[PDB]
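The structure appears right after this line, and notes come after that.
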Amino acid sequence: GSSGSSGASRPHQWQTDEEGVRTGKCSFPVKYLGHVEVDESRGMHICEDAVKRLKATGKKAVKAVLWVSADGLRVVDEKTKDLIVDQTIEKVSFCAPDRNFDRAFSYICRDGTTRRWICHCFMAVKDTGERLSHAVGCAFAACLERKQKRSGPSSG
């Protein structure tokens, strides 16, 4: 009894990510662009500026599954399902969608090596940043929830 995993089709599209974030199965096929530096650390236009950055950095993406959890995220390596990166919702300061590419999602977070702010980007595989913005925004709301307060019952 640890957590385990198991991917499979689902009815919902976004809501499904709202559960996998609480239950433990909110992962989808995406690509890892990388992490870029920021200045403001907050700006829906920033995230975008990030992608572009990596788009000008002349690099490549990695084929991995982006996991989303209240604890944050987890860039698993489809290779052996290993762990490529481990991001925590905490650090994640902001996360905004995109509106230029086909599926380019990014989010700001406080670096955990130096002493600055870093932004991450992920090129969805067969999805759109929006959805990714939901999952990321799902965990956040969840994590936040614990801190924040909830009005009226909302089980589902």
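Letters A, B, ... go to the chains of the structure tokens in the order shown; residues in each chain start at 1; ligands are counted from 1 in the same order.
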
> Can you list, as a PyMOL selection string, every protein, DNA or RNA residue that comes within 12 Å of region 16-27 of chain A when you count only C-alpha atoms, leaving out same-chain residues fewer than 2 positions away?
Replying inline: chain A and resi 2-14+29-30+64-78+81+89+124-125+127+130-143+145-146+155-156

Shell of 7 Å around residue 38 (chain A), only C-alpha atoms, local chain residues under 5 positions omitted, as a PDB file with N, CA and C atoms, in the first residue's frame:
ATOM      1  N   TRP A 117      13.411  32.777  -9.340  1.00  0.00           N
ATOM      2  CA  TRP A 117      12.156  32.210  -9.805  1.00  0.00           C
ATOM      3  C   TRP A 117      12.411  31.539 -11.156  1.00  0.00           C
ATOM      4  N   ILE A 118      11.781  30.387 -11.336  1.00  0.00           N
ATOM      5  CA  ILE A 118      11.930  29.639 -12.573  1.00  0.00           C
ATOM      6  C   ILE A 118      10.546  29.273 -13.114  1.00  0.00           C
ATOM      7  N   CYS A 119      10.459  29.215 -14.434  1.00  0.00           N
ATOM      8  CA  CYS A 119       9.205  28.880 -15.087  1.00  0.00           C
ATOM      9  C   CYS A 119       9.410  27.594 -15.890  1.00  0.00           C
TER      10      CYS A 119
END

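Using only C-alpha atoms, the contacts of residue 48 (chain A) at a cut-off of 12 Å, with sequence neighbours closer than 4 positions omitted, comprise residues 36, 38, 42, 43, 44, 52, 53, 54, 55, 95, 96, 97, 98, 99, 100, 101, 103, 104, 105, 106, 107, 108, 119, 120, 121, 122, 123 and 129 of chain A.
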
Output file for the selection above: N, CA and C atoms, as a short mmCIF file (atom, residue, chain, number, x, y, z; two decimals), in the first residue's frame:
data_model
loop_
_atom_site.label_atom_id
_atom_site.label_comp_id
_atom_site.auth_asym_id
_atom_site.auth_seq_id
_atom_site.Cartn_x
_atom_site.Cartn_y
_atom_site.Cartn_z
N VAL A 36 12.78 27.80 -17.69
CA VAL A 36 13.37 29.06 -18.07
C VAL A 36 13.28 30.04 -16.89
N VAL A 38 12.63 33.85 -15.15
CA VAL A 38 11.65 34.91 -15.28
C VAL A 38 12.17 36.17 -14.59
N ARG A 42 5.13 36.45 -12.29
CA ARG A 42 3.68 36.44 -12.38
C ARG A 42 3.22 37.24 -13.60
N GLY A 43 2.53 36.55 -14.50
CA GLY A 43 2.03 37.18 -15.71
C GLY A 43 1.62 36.13 -16.75
N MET A 44 0.34 36.14 -17.08
CA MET A 44 -0.19 35.20 -18.06
C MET A 44 0.58 35.29 -19.37
N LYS A 52 8.27 30.60 -25.88
CA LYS A 52 9.00 31.29 -26.93
C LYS A 52 10.50 31.21 -26.64
N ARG A 53 10.85 31.49 -25.39
CA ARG A 53 12.24 31.45 -24.97
C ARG A 53 12.88 30.12 -25.38
N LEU A 54 12.24 29.04 -24.95
CA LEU A 54 12.73 27.71 -25.26
C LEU A 54 12.63 27.47 -26.77
N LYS A 55 11.71 28.21 -27.39
CA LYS A 55 11.50 28.08 -28.82
C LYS A 55 12.64 28.78 -29.56
N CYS A 95 0.25 29.90 -12.77
CA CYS A 95 0.15 28.99 -13.91
C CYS A 95 -0.96 29.49 -14.83
N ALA A 96 -0.56 29.95 -16.00
CA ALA A 96 -1.51 30.45 -16.98
C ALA A 96 -1.38 29.65 -18.27
N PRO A 97 -2.51 29.59 -19.03
CA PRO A 97 -2.54 28.86 -20.28
C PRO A 97 -1.81 29.63 -21.38
N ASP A 98 -2.03 29.20 -22.61
CA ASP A 98 -1.41 29.84 -23.76
C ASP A 98 -2.48 30.23 -24.77
N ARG A 99 -2.02 30.76 -25.90
CA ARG A 99 -2.93 31.18 -26.95
C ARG A 99 -2.15 31.59 -28.20
N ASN A 100 -1.40 30.63 -28.72
CA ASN A 100 -0.59 30.87 -29.91
C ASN A 100 -0.20 29.53 -30.54
N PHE A 101 0.22 28.62 -29.68
CA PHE A 101 0.63 27.30 -30.14
C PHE A 101 -0.57 26.34 -30.17
N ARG A 103 -0.45 23.48 -28.25
CA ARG A 103 -0.52 22.96 -26.90
C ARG A 103 0.79 23.26 -26.15
N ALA A 104 0.89 24.48 -25.66
CA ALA A 104 2.07 24.90 -24.93
C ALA A 104 1.65 25.46 -23.57
N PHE A 105 1.91 24.67 -22.54
CA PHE A 105 1.57 25.07 -21.18
C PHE A 105 2.83 25.32 -20.35
N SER A 106 2.75 26.33 -19.50
CA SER A 106 3.87 26.69 -18.65
C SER A 106 3.36 27.27 -17.33
N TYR A 107 4.25 27.29 -16.35
CA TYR A 107 3.90 27.81 -15.04
C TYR A 107 5.14 28.33 -14.31
N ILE A 108 4.93 29.36 -13.50
CA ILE A 108 6.02 29.96 -12.74
C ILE A 108 6.18 29.21 -11.42
N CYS A 119 10.46 29.21 -14.43
CA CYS A 119 9.21 28.88 -15.09
C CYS A 119 9.41 27.59 -15.89
N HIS A 120 8.38 26.76 -15.88
CA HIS A 120 8.44 25.50 -16.60
C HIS A 120 7.43 25.52 -17.75
N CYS A 121 7.70 24.70 -18.75
CA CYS A 121 6.83 24.61 -19.91
C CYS A 121 6.67 23.14 -20.29
N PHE A 122 5.53 22.84 -20.89
CA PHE A 122 5.24 21.47 -21.30
C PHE A 122 4.39 21.45 -22.57
N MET A 123 4.91 20.79 -23.59
CA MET A 123 4.21 20.69 -24.86
C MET A 123 3.33 19.44 -24.90
N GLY A 129 -2.99 23.07 -23.81
CA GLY A 129 -2.52 23.69 -22.58
C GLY A 129 -3.66 23.90 -21.59
#

> When distances are computed from only C-alpha atoms, which of A:58, A:84, A:47, A:93 shows the smallest separation from residue 144 (chain A)?
Replying inline: A:93

>> Using DSSP assignments from the backbone, pull out every residue in region 102-137 of chain A that falls under alpha helix (DSSP H) and give it to me as a PyMOL selection string.
In response: chain A and resi 129-137

>> Using only C-alpha atoms, can you tell me which of A:31, A:45, A:149, A:79 comes closest to residue 61 (chain A)?
In response: A:31

> Just asking: which residues within region 69-136 of chain A are strand (DSSP E) according to DSSP, as an NGL selection string?
Replying inline: :A and (69 or 72-77 or 82-88 or 94-96 or 104-110 or 117-124)

Please produce an output containing N, CA, C and O atoms for each residue in the selection, written as a CSV table (one decimal), in the first residue's frame.
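The result, stored in again_26.csv:
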chain,number,residue,atom,x,y,z
A,69,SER,N,-0.7,16.3,-9.2
A,69,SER,CA,-1.1,16.0,-7.9
A,69,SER,C,-1.1,17.2,-6.9
A,69,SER,O,-0.4,18.2,-7.2
A,72,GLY,N,1.8,18.6,-6.1
A,72,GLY,CA,2.4,19.4,-7.2
A,72,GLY,C,2.3,18.6,-8.5
A,72,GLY,O,1.2,18.2,-8.9
A,73,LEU,N,3.4,18.4,-9.1
A,73,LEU,CA,3.5,17.6,-10.4
A,73,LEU,C,4.6,16.6,-10.3
A,73,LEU,O,5.3,16.5,-9.4
A,74,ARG,N,4.7,15.8,-11.4
A,74,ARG,CA,5.7,14.8,-11.5
A,74,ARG,C,5.9,14.4,-13.0
A,74,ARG,O,5.1,13.8,-13.6
A,75,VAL,N,7.1,14.8,-13.5
A,75,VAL,CA,7.4,14.5,-14.8
A,75,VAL,C,8.1,13.1,-14.9
A,75,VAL,O,9.3,12.9,-14.7
A,76,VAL,N,7.2,12.1,-15.2
A,76,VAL,CA,7.7,10.7,-15.3
A,76,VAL,C,8.2,10.5,-16.7
A,76,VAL,O,7.9,11.1,-17.6
A,77,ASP,N,9.1,9.5,-16.7
A,77,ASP,CA,9.8,9.1,-18.0
A,77,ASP,C,9.1,7.9,-18.6
A,77,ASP,O,9.3,6.8,-18.1
A,82,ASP,N,9.9,6.1,-14.8
A,82,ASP,CA,10.8,6.7,-13.8
A,82,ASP,C,10.3,8.1,-13.5
A,82,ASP,O,9.3,8.6,-14.0
A,83,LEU,N,11.1,8.8,-12.7
A,83,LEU,CA,10.8,10.2,-12.4
A,83,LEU,C,11.9,11.1,-13.0
A,83,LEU,O,13.1,11.0,-12.7
A,84,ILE,N,11.4,12.0,-13.9
A,84,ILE,CA,12.3,13.0,-14.5
A,84,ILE,C,12.5,14.2,-13.6
A,84,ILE,O,13.6,14.6,-13.4
A,85,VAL,N,11.4,14.7,-13.2
A,85,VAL,CA,11.4,15.9,-12.3
A,85,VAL,C,10.3,15.8,-11.3
A,85,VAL,O,9.3,15.1,-11.5
A,86,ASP,N,10.4,16.5,-10.2
A,86,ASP,CA,9.5,16.5,-9.1
A,86,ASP,C,9.2,17.9,-8.7
A,86,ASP,O,9.9,18.5,-7.9
A,87,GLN,N,8.1,18.5,-9.2
A,87,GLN,CA,7.7,19.8,-8.9
A,87,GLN,C,6.6,19.8,-7.8
A,87,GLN,O,5.7,19.0,-7.9
A,88,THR,N,6.6,20.8,-6.9
A,88,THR,CA,5.7,20.9,-5.9
A,88,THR,C,4.7,22.1,-6.1
A,88,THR,O,5.2,23.2,-6.5
A,94,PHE,N,2.4,30.8,-10.0
A,94,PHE,CA,1.3,31.0,-10.9
A,94,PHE,C,1.4,30.0,-12.1
A,94,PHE,O,2.4,29.4,-12.3
A,95,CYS,N,0.2,29.9,-12.8
A,95,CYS,CA,0.2,29.0,-13.9
A,95,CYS,C,-1.0,29.5,-14.8
A,95,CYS,O,-2.1,29.5,-14.5
A,96,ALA,N,-0.6,29.9,-16.0
A,96,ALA,CA,-1.5,30.5,-17.0
A,96,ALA,C,-1.4,29.6,-18.3
A,96,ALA,O,-0.3,29.1,-18.6
A,104,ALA,N,0.9,24.5,-25.7
A,104,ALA,CA,2.1,24.9,-24.9
A,104,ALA,C,1.7,25.5,-23.6
A,104,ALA,O,1.1,26.6,-23.5
A,105,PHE,N,1.9,24.7,-22.5
A,105,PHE,CA,1.6,25.1,-21.2
A,105,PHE,C,2.8,25.3,-20.3
A,105,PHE,O,3.8,24.6,-20.5
A,106,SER,N,2.8,26.3,-19.5
A,106,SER,CA,3.9,26.7,-18.6
A,106,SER,C,3.4,27.3,-17.3
A,106,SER,O,2.2,27.7,-17.2
A,107,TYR,N,4.2,27.3,-16.3
A,107,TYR,CA,3.9,27.8,-15.0
A,107,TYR,C,5.1,28.3,-14.3
A,107,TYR,O,6.2,27.8,-14.5
A,108,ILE,N,4.9,29.4,-13.5
A,108,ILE,CA,6.0,30.0,-12.7
A,108,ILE,C,6.2,29.2,-11.4
A,108,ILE,O,5.2,28.7,-10.8
A,109,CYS,N,7.4,29.1,-11.0
A,109,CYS,CA,7.7,28.4,-9.7
A,109,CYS,C,9.1,29.0,-9.2
A,109,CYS,O,9.9,29.5,-10.0
A,110,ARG,N,9.2,28.9,-7.9
A,110,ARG,CA,10.4,29.3,-7.2
A,110,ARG,C,11.5,28.3,-7.3
A,110,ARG,O,11.4,27.2,-6.8
A,117,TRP,N,13.4,32.8,-9.3
A,117,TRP,CA,12.2,32.2,-9.8
A,117,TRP,C,12.4,31.5,-11.2
A,117,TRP,O,13.2,32.1,-12.0
A,118,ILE,N,11.8,30.4,-11.3
A,118,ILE,CA,11.9,29.6,-12.6
A,118,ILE,C,10.5,29.3,-13.1
A,118,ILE,O,9.6,29.1,-12.3
A,119,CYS,N,10.5,29.2,-14.4
A,119,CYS,CA,9.2,28.9,-15.1
A,119,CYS,C,9.4,27.6,-15.9
A,119,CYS,O,10.5,27.4,-16.5
A,120,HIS,N,8.4,26.8,-15.9
A,120,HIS,CA,8.4,25.5,-16.6
A,120,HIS,C,7.4,25.5,-17.8
A,120,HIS,O,6.4,26.3,-17.7
A,121,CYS,N,7.7,24.7,-18.8
A,121,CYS,CA,6.8,24.6,-19.9
A,121,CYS,C,6.7,23.1,-20.3
A,121,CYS,O,7.6,22.3,-20.0
A,122,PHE,N,5.5,22.8,-20.9
A,122,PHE,CA,5.2,21.5,-21.3
A,122,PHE,C,4.4,21.5,-22.6
A,122,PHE,O,3.3,22.0,-22.6
A,123,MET,N,4.9,20.8,-23.6
A,123,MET,CA,4.2,20.7,-24.9
A,123,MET,C,3.3,19.4,-24.9
A,123,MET,O,3.8,18.3,-25.2
A,124,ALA,N,2.0,19.6,-24.6
A,124,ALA,CA,1.1,18.6,-24.6
A,124,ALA,C,1.3,17.7,-25.9
A,124,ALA,O,1.9,18.1,-26.9

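Between CA of residue 41 (chain A) and CA of residue 111 (chain A) the interatomic distance comes to 10.8 Å.
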
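Atom pair CA of residue 57 (chain A) / CA of residue 39 (chain A): separated by 17.6 Å.
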
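From CA of residue 62 (chain A) back to CA of residue 112 (chain A), the distance works out to 21.3 Å.
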